[PDB]
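Protein chains in written order, with the deposited numbering: chain A, 492 to 502, 507 to 652; chain D, 492 to 502, 507 to 652.
C-beta atoms are modelled at their ideal positions from N, C-alpha and C, and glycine is treated no differently.
Below: the structure, in structure tokens.
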Ligand SMILES: CC(C)(COP(=O)(O)OP(=O)(O)OC[C@H]1O[C@@H](n2cnc3c(N)ncnc32)[C@H](O)[C@@H]1OP(=O)(O)O)[C@@H](O)C(=O)NCCC(=O)NCCS
Ligand SMILES: CC(C)(COP(=O)(O)OP(=O)(O)OC[C@H]1O[C@@H](n2cnc3c(N)ncnc32)[C@H](O)[C@@H]1OP(=O)(O)O)[C@@H](O)C(=O)NCCC(=O)NCCS
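Here you go:
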């Protein structure tokens, strides 16, 4: 009934902090292959911001991303919608809003290492297994993950 | 292999933030009758401290308490051991160490509102149902918890 999108960050007021915990809680529930401590580390890392999906006070989704304005792309880390609220298009809205945030900041590229079970969702948001940014841009900067496949998205206007 | 006891709180240290979150996760998994956001609120509250049990870098247990020096007791909010590690004398250790901390701080009585299933566990730690510290001392200072049983016990030097 009321639904909000906030880019948040630990760079730490009381409200966002509740949201930061809520995001960590949402992520750890969906991403079973991610240890809670690791999520907490990245989520609270000041070089990472998280785009939070609030519904009626409560965090229900988010995308954790790290921007590399120098490389000309953004690494997408932990994106999740809570189980209740899956398949209602929330995840596509988050990616859309993420996409618009970045057009303003003039980063036109997304990179992520995709779980096997969610390659489907990224392909819908325009990601491809075939990457158009040269290796020399992201190798080293971006976290490689075990048996996740790397996908890119090249936004526009 | 390494096992630590730290008394923590929100009174921006990067270590204790991760610990406080790690504590919120453990408290949240183990106590269904308490909503995640409530736990977050109290855990990070500057009048609440928490006894963290770290194991090899990671929180596996804790006791959140609020000290009432002006009263003569300490109120026990949450305590829990992560599930891997239950039935290993870990929570007995935590409570023992909590007792020491408070003796060293001149607060002899512990109060808790105990939930239907851990009455067993508190009873062993000297805890009981009959309080010896006057109702007027704690009522309205402590937080009544619904269909929990109030309990209390004293600790020697
Ligand atoms: C993946 C996820 C973030 C998608 O959010 P969502 O709101 O549930 O999915 P949506 O409602 O936005 O639907 C998105 C589209 O991708 C599709 N899709 C393909 N594979 C999918 C998958 N594995 N999960 C969800 N949607 C998927 C949906 O059917 C939908 O297609 P359509 O609208 O064209 O018909 C969410 O389901 C989730 O939290 N999964 C668990 C954790 C995870 O796998 N994270 C990694 C990637 S974010
Ligand atoms: C109850 C709890 C906090 C204790 O941690 P623990 O390490 O498993 O308990 P211990 O290993 O120290 O065992 C303590 C003694 O109390 C007993 N006990 C009573 N209830 C128990 C319970 N629910 N779980 C484990 N032990 C329990 C044990 O048998 C043990 O007896 P013994 O040493 O004489 O053989 C833990 O199981 C937990 O987190 N439960 C979920 C949430 C909860 O009940 N919190 C209550 C407030 S602390």
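Cβ neighbour criterion (16 or more within 10 Å) applied to residue i
i, result
"residue 584 of chain D", "exposed"
"residue 582 of chain A", "exposed"
"residue 520 of chain A", "buried"
"residue 637 of chain D", "buried"
"residue 634 of chain D", "exposed"
"residue 604 of chain A", "buried"
"residue 498 of chain D", "exposed"
"residue 641 of chain D", "exposed"
"residue 570 of chain D", "buried"
"residue 610 of chain A", "buried"
"residue 577 of chain A", "buried"
"residue 531 of chain A", "buried"
"residue 492 of chain A", "exposed"
"residue 644 of chain A", "exposed"
"residue 627 of chain D", "exposed"
"residue 557 of chain A", "buried"
"residue 586 of chain A", "buried"
"residue 594 of chain D", "buried"
"residue 517 of chain D", "buried"
"residue 549 of chain D", "buried"
Endpoints, the alpha helix (DSSP H) within which residue i is located
i, result
"residue 513 of chain A", "509-525"
"residue 604 of chain A", "From DSSP, residue 604 of chain A is part of no alpha helix (DSSP H) but of the beta strand (DSSP E) over 604-609."
"residue 536 of chain A", "531-538"
"residue 600 of chain D", "Run containing residue 600 of chain D: none; DSSP gives neither H nor E here."
"residue 631 of chain A", "Taken as a continuous stretch (DSSP letters only), residue 631 of chain A belongs to no alpha helix (DSSP H), as it is neither H nor E."
Selection from the options that minimises the alpha carbon distance to residue i
i, options, result
"residue 648 of chain A", "A:593, A:539, A:622", "A:622"
"residue 612 of chain D", "D:515, D:502, D:527, D:510", "D:527"
"residue 555 of chain A", "A:535, A:539, A:580", "A:580"
"residue 507 of chain A", "A:541, A:494, A:646", "A:541"
"residue 590 of chain D", "D:539, D:627, D:560, D:509", "D:560"
"residue 650 of chain A", "A:552, A:511, A:598", "A:598"
"residue 632 of chain D", "D:533, D:513, D:564", "D:564"
"residue 616 of chain A", "A:511, A:575, A:551, A:568", "A:575"
"residue 524 of chain D", "D:596, D:629, D:573, D:592", "D:573"
"residue 553 of chain A", "A:515, A:535, A:588", "A:515"
"residue 607 of chain A", "A:500, A:625, A:596, A:601", "A:625"
"residue 545 of chain D", "D:595, D:501, D:646", "D:501"
"residue 535 of chain A", "D:513, D:548, D:538, D:539", "D:513"
"residue 522 of chain D", "D:494, D:562, D:510, D:547", "D:547"
"residue 614 of chain A", "A:646, A:588, A:587", "A:646"
"residue 509 of chain A", "D:539, D:566, D:562, D:596", "D:539"
"residue 588 of chain A", "A:620, A:567, A:602, A:562", "A:620"
Terminal residues of the beta strand (DSSP E) in which residue i lies
i, result
"residue 543 of chain A", "543-550"
Residue(s) in a DSSP beta bridge with residue i
i, result
"residue 623 of chain D", "D:647"
"residue 497 of chain A", "A:547"
"residue 569 of chain D", "D:562, D:605"
"residue 554 of chain A", "A:549"
"residue 575 of chain D", "D:557"
Inset, instruction - For ligand 3, list every residue whose C-beta falls under 6 Å from any of its heavy atoms, going in chain order. - result: Ligand 3 is absent from the structure shown, which contains only ligand 1 and ligand 2.
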